[PDB]
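> The following block contains the structure, expressed as structure tokens.
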Amino acid sequence: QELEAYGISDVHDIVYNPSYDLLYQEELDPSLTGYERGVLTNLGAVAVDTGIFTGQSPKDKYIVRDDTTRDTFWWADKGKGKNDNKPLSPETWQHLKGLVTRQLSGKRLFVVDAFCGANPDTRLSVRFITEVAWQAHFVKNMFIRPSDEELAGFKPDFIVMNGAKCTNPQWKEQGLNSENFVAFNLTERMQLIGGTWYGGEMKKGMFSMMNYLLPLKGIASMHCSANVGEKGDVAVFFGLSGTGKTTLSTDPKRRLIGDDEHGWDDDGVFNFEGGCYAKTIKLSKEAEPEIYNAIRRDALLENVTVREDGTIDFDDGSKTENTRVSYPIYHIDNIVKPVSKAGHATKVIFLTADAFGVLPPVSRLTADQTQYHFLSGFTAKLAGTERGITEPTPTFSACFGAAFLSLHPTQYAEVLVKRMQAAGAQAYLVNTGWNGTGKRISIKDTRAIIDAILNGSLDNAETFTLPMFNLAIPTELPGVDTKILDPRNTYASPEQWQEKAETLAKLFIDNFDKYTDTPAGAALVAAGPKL
Ligand SMILES: Nc1ncnc2c1ncn2[C@@H]1O[C@H](COP(=O)(O)OP(=O)(O)OP(=O)(O)O)[C@@H](O)[C@H]1O
Ligand SMILES: [Mn+2]
Ligand SMILES: [Mn+2]
């Protein structure tokens, strides 16, 4: 009846609000075939393969262009910086909606109702529809699980229909990138998924919608982790994928607010999600004990290698480097509860994994440097590794998450700065990546830096200015190996560091030029690196 209103017909079996026990038994059903199948690991958690897609597909992301979105969305084709917000006609949207609704017609469907956003005043009431048990599990893990009371009066104001099993044969004619699609309609308030089974598309899809609606009513919407000390002091950690937001916010000395998506309104910082989505490549029990410990029944492992005897080879990246596990946030012992939110952040930390080996492990940023490095959104990676090559490859992703921005970067920078100023927050840049050794800084050294930021040690330290990037760096910090604080010390000579710094400075300078078409942007150039 109600499923019909969405266009899904002849649904025989409806599993509304599936329990964790039911999801466990659905995933291990021995008659499942293909990518629906789960296998039980010795840690008690079920592991699945997500299919050919093992990460987001930005090239398949489309947003319907209509009178509601025309003048507010950050469109990929309106010459305002590179992004993945590709415009979609309403007519083609109706075609994709027919593909997905027909695929889900005549099937057994899982329907998960959940919240995106910790606060009733700004949260989305999302209804997720799928025919794959582990997809419903993923959304039960990653979104906010309502109370029985909230379920009774649940009134969806966004529908996500996951049609991973269907594809679009009309895509060439329609000007699309492939037979797969991840599409959003703000008029009908719906997300459609076709071709990719990857659960991340639903998580980041609703993130992108929050990123669109929250700043339009004065609320920051942020790609960050967040935690809070006993005294109520809040830290947020920005950064691109793989830079350490989840690894480093899971800190037994802090209460976890969230690991990936947060808003910032008049009362403080608040988590969007009900779970965490940790990377498991090379996962070390000794280095990341709380994340490791979260891997138990009700956690959902993705694309890991599971041996015949049920043990996991966390080292094996053969399916993908992006091996993951999701778990409800209460699989972490020390968290904020029952509501994932706290006060205003006073520490704002930009994580970056600098494969060029130039940036210092830690530096406290000026106000202009904060805006400069927020708009720049830099990280890099050794792309040549499988070829035995050191191909440092830069990524500049505005606000440390341009793939999920629905508005222009400046709109996120503006509201972040307003929130920071009102709170007297301070910002820091942390290289969680490489130095002159050609190896990453150890997790142990990085946690000690984060400690030094949070407890005021770094603020009381004697500092000097790193040349070129003009970053204030400490001579020493409690519990941190002193040699690494100056990035020049791990090369044969400061001159060898300088050669790489000049290379990276020019990358930053070229990237930043697109923000200088305003007076404020051009004024920020002086805060960036100077040859
Ligand atoms: N010094 C370090 N600091 C943080 N992480 C490190 C360090 N050295 C290695 N790592 C590894 O880098 C990865 C950090 O990934 P993490 O899951 O924290 O990324 P993220 O910022 O949460 O990304 P996403 O937004 O995609 O979820 C982990 O695999 C971690 O084990
Ligand atoms: Mn993460
Ligand atoms: Mn993320």
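Ligands are numbered from 1 in the order shown, chains are lettered A, B, ... in the order of the structure tokens, and residues start at 1 in each chain.
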Distance table requested - chain A against ligand 1, cut-off 7 Å, only C-alpha atoms and all ligand atoms: one row per qualifying residue with the closest atom pair and its distance in Å to one decimal, ordered by chain and rising residue number, as a tab-separated table.

residue	atom	partner	partner_atom_place_in_ligand_line	distance
A:239	CA	ligand 1	21 (O)	5.6
A:240	CA	ligand 1	21 (O)	5.7
A:241	CA	ligand 1	26 (O)	3.4
A:242	CA	ligand 1	19 (O)	3.2
A:243	CA	ligand 1	21 (O)	4.1
A:244	CA	ligand 1	18 (O)	3.1
A:245	CA	ligand 1	21 (O)	3.7
A:246	CA	ligand 1	22 (O)	3.9
A:247	CA	ligand 1	18 (O)	3.8
A:248	CA	ligand 1	4 (C)	6.0
A:259	CA	ligand 1	22 (O)	6.7
A:260	CA	ligand 1	25 (O)	5.9
A:277	CA	ligand 1	27 (O)	6.2
A:278	CA	ligand 1	17 (O)	4.8
A:279	CA	ligand 1	17 (O)	4.4
A:280	CA	ligand 1	29 (O)	6.1
A:281	CA	ligand 1	29 (O)	5.5
A:282	CA	ligand 1	29 (O)	6.7
A:283	CA	ligand 1	31 (O)	5.9
A:432	CA	ligand 1	1 (N)	4.5
A:433	CA	ligand 1	1 (N)	6.3
A:440	CA	ligand 1	8 (N)	5.7
A:441	CA	ligand 1	1 (N)	4.8
A:442	CA	ligand 1	1 (N)	4.5
A:443	CA	ligand 1	1 (N)	3.7
A:444	CA	ligand 1	1 (N)	7.0
A:445	CA	ligand 1	1 (N)	6.8
A:446	CA	ligand 1	1 (N)	5.0
> Could you pull the residues within 7 Å of range 265-276 of chain A, counting only C-alpha atoms, minus those fewer than 4 positions along the same chain, as a PyMOL selection string?
chain A and resi 116-118+141-145+219-220+257-259+261+326-329+340-345
> Go through A:437, A:303, A:33, A:25 and flag the residue nearest residue 48 in chain A, using only C-alpha atoms for the distances.
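Among the listed residues, the smallest separation from residue 48 in chain A belongs to A:303.
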> Can you tell me, as a list in words, what residues are no more than 8 Å from residue 427 in chain A when counting only C-alpha atoms, ignoring any on the same chain fewer than 4 positions away?
residues 347, 348, 349, 350, 364, 365, 366, 367 and 370 of chain A
> Export N, CA and C atoms of the chosen residues as an mmCIF file, in the first residue's frame?

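The result, stored in out-v3.cif:
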data_model
loop_
_atom_site.group_PDB
_atom_site.id
_atom_site.type_symbol
_atom_site.label_atom_id
_atom_site.label_comp_id
_atom_site.auth_asym_id
_atom_site.auth_seq_id
_atom_site.Cartn_x
_atom_site.Cartn_y
_atom_site.Cartn_z
ATOM 1 N N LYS A 347 39.156 23.226 19.808
ATOM 2 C CA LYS A 347 40.317 22.756 19.064
ATOM 3 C C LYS A 347 39.853 22.238 17.707
ATOM 4 N N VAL A 348 40.424 22.776 16.626
ATOM 5 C CA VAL A 348 40.091 22.354 15.264
ATOM 6 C C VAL A 348 41.368 21.844 14.609
ATOM 7 N N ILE A 349 41.384 20.574 14.226
ATOM 8 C CA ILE A 349 42.608 19.921 13.786
ATOM 9 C C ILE A 349 42.420 19.481 12.341
ATOM 10 N N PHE A 350 43.301 19.951 11.459
ATOM 11 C CA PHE A 350 43.336 19.506 10.068
ATOM 12 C C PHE A 350 44.366 18.383 9.945
ATOM 13 N N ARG A 364 50.629 24.995 14.738
ATOM 14 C CA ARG A 364 49.457 25.800 15.070
ATOM 15 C C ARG A 364 49.274 26.893 14.026
ATOM 16 N N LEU A 365 48.061 26.999 13.488
ATOM 17 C CA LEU A 365 47.757 27.859 12.352
ATOM 18 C C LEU A 365 47.249 29.226 12.799
ATOM 19 N N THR A 366 47.623 30.258 12.047
ATOM 20 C CA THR A 366 47.001 31.561 12.189
ATOM 21 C C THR A 366 45.562 31.501 11.693
ATOM 22 N N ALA A 367 44.836 32.606 11.888
ATOM 23 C CA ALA A 367 43.449 32.645 11.434
ATOM 24 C C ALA A 367 43.375 32.594 9.913
ATOM 25 N N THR A 370 44.277 29.159 8.689
ATOM 26 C CA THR A 370 43.160 28.242 8.869
ATOM 27 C C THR A 370 42.241 28.268 7.655
#
> For the strand (DSSP E) assignment from backbone DSSP, which residues of range 201-360 of chain A qualify? Please present them as a ChimeraX atom specification.
/A:220-222,224-228,234-238,255-258,262-264,269-271,275-279,300-302,305-306,312-313,324-328,345-352
> As number ranges by chain, please: the residues near residue 507 in chain A (cut-off 12 Å, only C-alpha atoms, same-chain neighbours under 3 positions excluded).
A: 356, 376, 378-380, 392-396, 500-504, 510-513, 528-531
> Could those residues be written to a file, using C-alpha atoms, as a compact mmCIF listing (two decimals), in the first residue's frame?

# COMPACT_ATOMS: atom_id res chain seq x y z
CA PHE A 356 55.70 14.48 -0.33
CA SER A 376 42.92 24.09 -0.05
CA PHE A 378 45.36 18.95 0.76
CA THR A 379 46.48 15.32 1.10
CA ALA A 380 48.70 13.08 -1.03
CA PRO A 392 53.63 11.26 -4.69
CA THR A 393 50.26 12.31 -6.03
CA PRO A 394 48.48 15.34 -4.56
CA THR A 395 44.80 15.70 -3.83
CA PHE A 396 43.30 19.15 -3.24
CA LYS A 500 60.47 18.86 -2.06
CA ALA A 501 58.96 21.86 -0.25
CA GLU A 502 59.31 24.05 -3.37
CA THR A 503 57.60 21.33 -5.42
CA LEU A 504 54.65 21.17 -3.01
CA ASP A 510 48.42 26.75 -8.45
CA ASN A 511 45.46 25.05 -6.77
CA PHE A 512 44.59 28.08 -4.66
CA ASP A 513 44.43 30.50 -7.59
CA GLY A 528 49.75 30.22 1.92
CA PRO A 529 53.24 28.99 1.14
CA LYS A 530 55.60 31.51 -0.47
CA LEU A 531 58.40 30.35 -2.76
> Out of A:306, A:100, A:291, A:336, which residue has the shortest atom-to-atom distance to residue 230 in chain A when counting only C-alpha atoms?
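Ranking A:306, A:100, A:291, A:336 by distance to residue 230 in chain A, first place goes to A:336.
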